[PDB]
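> To be precise about what I am sending: the file is called query_0.cif and holds mmCIF, C-alpha atoms and all ligand atoms.
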data_run
loop_
_atom_site.label_atom_id
_atom_site.label_comp_id
_atom_site.auth_asym_id
_atom_site.auth_seq_id
_atom_site.Cartn_x
_atom_site.Cartn_y
_atom_site.Cartn_z
CA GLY F 1 330.74 164.91 123.43
CA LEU F 2 332.96 166.06 126.29
CA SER F 3 332.72 169.09 128.56
CA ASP F 4 335.60 171.52 129.00
CA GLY F 5 336.42 169.96 132.36
CA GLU F 6 336.51 166.50 130.80
CA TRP F 7 338.86 167.64 128.05
CA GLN F 8 341.08 169.20 130.74
CA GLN F 9 341.28 165.80 132.43
CA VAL F 10 342.12 164.08 129.13
CA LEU F 11 344.94 166.48 128.37
CA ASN F 12 346.26 166.24 131.93
CA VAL F 13 346.44 162.44 131.62
CA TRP F 14 348.07 162.84 128.22
CA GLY F 15 350.94 164.73 129.85
CA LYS F 16 351.84 161.45 131.55
CA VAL F 17 352.06 159.79 128.14
CA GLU F 18 354.11 162.59 126.56
CA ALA F 19 356.79 162.24 129.24
CA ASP F 20 357.59 158.76 127.84
CA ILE F 21 355.76 158.32 124.56
CA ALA F 22 357.86 155.37 123.39
CA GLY F 23 357.49 153.42 126.63
CA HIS F 24 353.74 153.99 126.73
CA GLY F 25 353.41 153.15 123.03
CA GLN F 26 355.45 149.96 123.42
CA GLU F 27 353.33 148.76 126.33
CA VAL F 28 350.05 149.58 124.57
CA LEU F 29 350.99 147.47 121.56
CA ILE F 30 352.34 144.63 123.72
CA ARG F 31 349.09 144.60 125.69
CA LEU F 32 347.14 144.49 122.41
CA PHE F 33 349.25 141.73 120.86
CA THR F 34 349.40 139.49 123.94
CA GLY F 35 345.76 139.93 124.92
CA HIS F 36 344.43 139.57 121.36
CA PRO F 37 346.92 137.58 119.28
CA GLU F 38 344.77 137.88 116.16
CA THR F 39 345.74 141.57 116.06
CA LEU F 40 349.40 140.67 115.47
CA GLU F 41 348.44 138.99 112.19
CA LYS F 42 347.46 142.37 110.74
CA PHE F 43 351.08 143.59 111.03
CA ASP F 44 353.35 142.02 108.44
CA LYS F 45 356.32 143.61 110.20
CA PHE F 46 355.48 142.20 113.64
CA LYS F 47 354.02 138.76 112.86
CA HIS F 48 357.51 137.25 113.30
CA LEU F 49 357.34 138.07 117.02
CA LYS F 50 356.52 134.86 118.87
CA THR F 51 357.28 135.74 122.50
CA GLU F 52 356.67 138.82 124.59
CA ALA F 53 360.43 139.00 125.24
CA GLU F 54 360.99 139.43 121.50
CA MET F 55 358.24 142.06 121.52
CA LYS F 56 359.92 143.90 124.40
CA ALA F 57 363.30 143.75 122.64
CA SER F 58 361.96 145.03 119.30
CA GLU F 59 363.07 148.58 118.60
CA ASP F 60 360.78 148.78 115.57
CA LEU F 61 357.77 147.96 117.75
CA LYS F 62 358.70 150.84 120.05
CA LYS F 63 359.10 153.06 116.99
CA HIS F 64 355.63 152.15 115.75
CA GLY F 65 354.24 152.74 119.24
CA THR F 66 355.59 156.29 119.01
CA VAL F 67 353.88 156.77 115.63
CA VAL F 68 350.54 155.50 116.97
CA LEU F 69 350.48 157.58 120.14
CA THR F 70 351.77 160.69 118.35
CA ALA F 71 348.82 160.43 115.98
CA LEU F 72 346.34 159.84 118.80
CA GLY F 73 347.75 162.72 120.82
CA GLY F 74 347.34 165.08 117.88
CA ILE F 75 343.69 164.02 117.62
CA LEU F 76 343.02 164.38 121.36
CA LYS F 77 344.49 167.89 121.40
CA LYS F 78 341.77 168.97 118.93
CA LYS F 79 339.12 168.39 121.64
CA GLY F 80 336.72 166.73 119.22
CA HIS F 81 337.32 169.01 116.21
CA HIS F 82 339.37 166.30 114.55
CA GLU F 83 337.66 165.61 111.20
CA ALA F 84 340.76 166.43 109.13
CA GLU F 85 343.08 164.41 111.38
CA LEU F 86 340.75 161.43 111.71
CA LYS F 87 339.65 160.98 108.07
CA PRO F 88 343.01 159.69 106.70
CA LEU F 89 343.38 157.26 109.60
CA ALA F 90 339.86 155.92 109.17
CA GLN F 91 340.51 155.51 105.46
CA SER F 92 343.89 153.80 105.79
CA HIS F 93 342.70 151.48 108.55
CA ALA F 94 339.56 150.45 106.66
CA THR F 95 340.88 150.23 103.12
CA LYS F 96 344.58 149.39 103.38
CA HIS F 97 345.12 147.72 106.76
CA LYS F 98 341.60 146.21 107.04
CA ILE F 99 341.27 146.75 110.80
CA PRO F 100 337.81 145.89 112.19
CA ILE F 101 336.33 148.39 114.63
CA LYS F 102 336.51 145.67 117.30
CA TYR F 103 340.29 145.98 117.28
CA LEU F 104 339.95 149.71 117.94
CA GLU F 105 337.89 148.77 120.99
CA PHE F 106 340.69 146.39 122.04
CA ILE F 107 343.36 149.09 121.77
CA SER F 108 341.18 151.62 123.61
CA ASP F 109 340.85 149.30 126.59
CA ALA F 110 344.58 148.54 126.37
CA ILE F 111 345.36 152.24 126.79
CA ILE F 112 343.29 152.33 130.00
CA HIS F 113 345.06 149.19 131.25
CA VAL F 114 348.53 150.60 130.58
CA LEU F 115 347.74 153.90 132.30
CA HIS F 116 346.77 152.07 135.49
CA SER F 117 349.79 149.77 135.21
CA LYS F 118 352.33 152.59 134.83
CA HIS F 119 350.60 155.11 137.13
CA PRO F 120 348.92 153.04 139.86
CA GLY F 121 346.98 155.24 142.22
CA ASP F 122 347.61 158.23 139.96
CA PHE F 123 344.88 157.60 137.34
CA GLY F 124 341.77 158.58 139.25
CA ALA F 125 338.16 157.70 138.58
CA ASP F 126 337.39 161.08 137.01
CA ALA F 127 340.45 160.81 134.76
CA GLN F 128 339.46 157.29 133.68
CA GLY F 129 335.96 158.53 132.93
CA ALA F 130 337.17 161.36 130.72
CA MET F 131 339.79 159.29 128.89
CA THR F 132 337.24 156.57 128.21
CA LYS F 133 334.79 159.10 126.78
CA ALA F 134 337.50 160.57 124.55
CA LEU F 135 338.44 157.14 123.18
CA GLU F 136 334.74 156.36 122.64
CA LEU F 137 334.36 159.56 120.61
CA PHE F 138 337.43 158.66 118.55
CA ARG F 139 336.09 155.16 117.89
CA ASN F 140 332.59 156.41 117.12
CA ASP F 141 333.78 158.90 114.52
CA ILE F 142 335.92 156.19 112.93
CA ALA F 143 332.86 153.91 112.94
CA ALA F 144 330.89 156.52 111.01
CA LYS F 145 333.55 156.54 108.29
CA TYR F 146 333.65 152.74 108.28
CA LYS F 147 329.89 152.67 107.66
CA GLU F 148 330.20 155.15 104.80
CA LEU F 149 332.77 152.80 103.22
CA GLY F 150 330.77 149.65 103.93
CA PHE F 151 333.70 148.20 105.83
CA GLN F 152 333.18 145.46 108.41
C1 LIG F 201 344.58 154.49 118.61
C2 LIG F 201 344.34 153.78 117.50
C3 LIG F 201 345.30 153.79 116.29
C4 LIG F 201 346.01 154.80 115.80
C5 LIG F 201 346.04 156.27 116.28
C6 LIG F 201 346.77 154.30 114.69
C7 LIG F 201 347.64 155.03 113.93
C8 LIG F 201 348.40 154.56 112.88
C9 LIG F 201 349.27 155.35 112.05
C10 LIG F 201 349.53 156.86 112.25
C11 LIG F 201 349.80 154.54 111.14
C12 LIG F 201 350.78 154.91 110.01
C13 LIG F 201 350.02 155.69 108.91
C14 LIG F 201 348.85 154.94 108.29
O1 LIG F 201 349.09 153.85 107.72
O2 LIG F 201 347.70 155.47 108.34
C15 LIG F 201 349.27 153.20 111.35
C16 LIG F 201 349.57 152.07 110.62
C17 LIG F 201 349.05 150.82 110.83
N1 LIG F 201 348.07 150.51 111.74
FE1 LIG F 201 347.30 151.72 113.15
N2 LIG F 201 346.50 152.95 114.52
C18 LIG F 201 345.61 152.61 115.52
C19 LIG F 201 345.06 151.37 115.73
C20 LIG F 201 345.38 150.25 115.01
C21 LIG F 201 344.98 148.88 115.31
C22 LIG F 201 344.09 148.47 116.51
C23 LIG F 201 345.50 148.08 114.38
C24 LIG F 201 345.44 146.55 114.22
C25 LIG F 201 345.06 145.69 115.17
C26 LIG F 201 346.27 148.89 113.48
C27 LIG F 201 346.95 148.43 112.37
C28 LIG F 201 347.84 149.15 111.64
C29 LIG F 201 348.72 148.63 110.62
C30 LIG F 201 348.79 147.15 110.20
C31 LIG F 201 349.46 149.63 110.15
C32 LIG F 201 350.56 149.54 109.07
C33 LIG F 201 351.86 149.19 109.79
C34 LIG F 201 353.06 149.09 108.88
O3 LIG F 201 353.25 148.04 108.23
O4 LIG F 201 353.86 150.06 108.83
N3 LIG F 201 346.17 150.21 113.88
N4 LIG F 201 348.41 153.25 112.43
#
Rewrite the coordinates I just gave you, this time as C-alpha cells.
Ligand code: HEM

Amino acid sequence: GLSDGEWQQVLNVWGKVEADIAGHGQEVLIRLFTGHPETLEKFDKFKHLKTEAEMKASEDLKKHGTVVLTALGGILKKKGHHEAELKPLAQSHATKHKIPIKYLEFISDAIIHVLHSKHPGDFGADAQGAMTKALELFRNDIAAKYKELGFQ
C-alpha cells in the first residue's frame, strides 16, 4: 500500500527508465544473470551465454529486457490496481516458466542496483523507498497467486 506521494515518486523514477527502456532492461537482466547464475538456467534462449561480453552483445537479451520492463511499467502505472495485468504474469511464471518467488526478489533488488548505477546521485532516498515499496507490492501480489496455485 502506497500513498499518492509515493506513487508520484515511483512514476517520476520510471520516467528515467522510459527514456532508455532497452538499456535499462539489458542491464537489469545482466545484473540478475551475473549475480545469480542459476537464474540463467530458466531461460532456454539465454543459457548459451557464458560471458558477460556475450550477454552485452546479445540483441535478443536487450529485446527481452524491453518486454520485461514494458510489462512492469504497465503494472506500475496502475498504482496498485493491477489485478488484471498481474494475473497472467503470475500464472505464466508459476506454471510455465517455474520461477520461484526468490528470483522475483533477486530481480527487484537488481532494479534498485541498476537505477543507482545509471543515475548516481539522482536516485534519492525517498525515491528508493517508494520504488522498493512498489516492487514489494508487486512481489506480494504475485506471492498470493503462487500460494493459490501451490507453487514453490
Ligand atoms: C519484474 C519481473 C518480471 C516481469 C515483469 C516479467 C515479465 C515477463 C514477460 C512479459 C514475459 C513474456 C510473456 C510471458 O511468458 O508471460 C516473460 C517471460 C519469461 N520470464 Fe519473466 N518477468 C519477470 C521476472 C522473471 C524472472 C525473475 C525470471 C527468471 C529468473 C523470469 C523468467 C521468464 C522466462 C524464462 C520467460 C520466457 C522467456 C522466453 O523463452 O521467451 N521472469 N517475463
> Between atom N3 of ligand LIG 201 (chain F) and CA of residue 93 (chain F), what distance in Å does the model show, to one decimal?
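Those two atoms sit 6.5 Å apart.
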> Using all atoms listed in the file, find the one residue out of F:72, F:32, F:115, F:143 that sits nearest to ligand LIG 201 (chain F).
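Comparing F:72, F:32, F:115, F:143 against ligand LIG 201 (chain F), the winner is F:72.
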> Figure out the distance between CA of residue 147 (chain F) and CA of residue 10 (chain F), please, to one decimal in Å.
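Pair CA of residue 10 (chain F) / CA of residue 147 (chain F) returns 27.2 Å.
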> Neighbours of ligand LIG 201 (chain F) within 10 Å, counting all atoms listed in the file, as number ranges by chain?
F: 25, 28-29, 32-33, 36-46, 60-61, 64-75, 85-94, 96-108, 110-111, 135, 138-139, 142
> Neighbours of residue 114 (chain F) within 9 Å (all atoms listed in the file; same-chain residues fewer than 5 positions away dropped), as a list in words?
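Skipping anything fewer than 5 positions along the chain leaves residues 24, 27, 28, 31, 109 and 119 of chain F.
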> Could you state the separation of CA of residue 5 (chain F) and CA of residue 128 (chain F) in Å, given to one decimal place?
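Between these atoms lies a distance of 13.1 Å.
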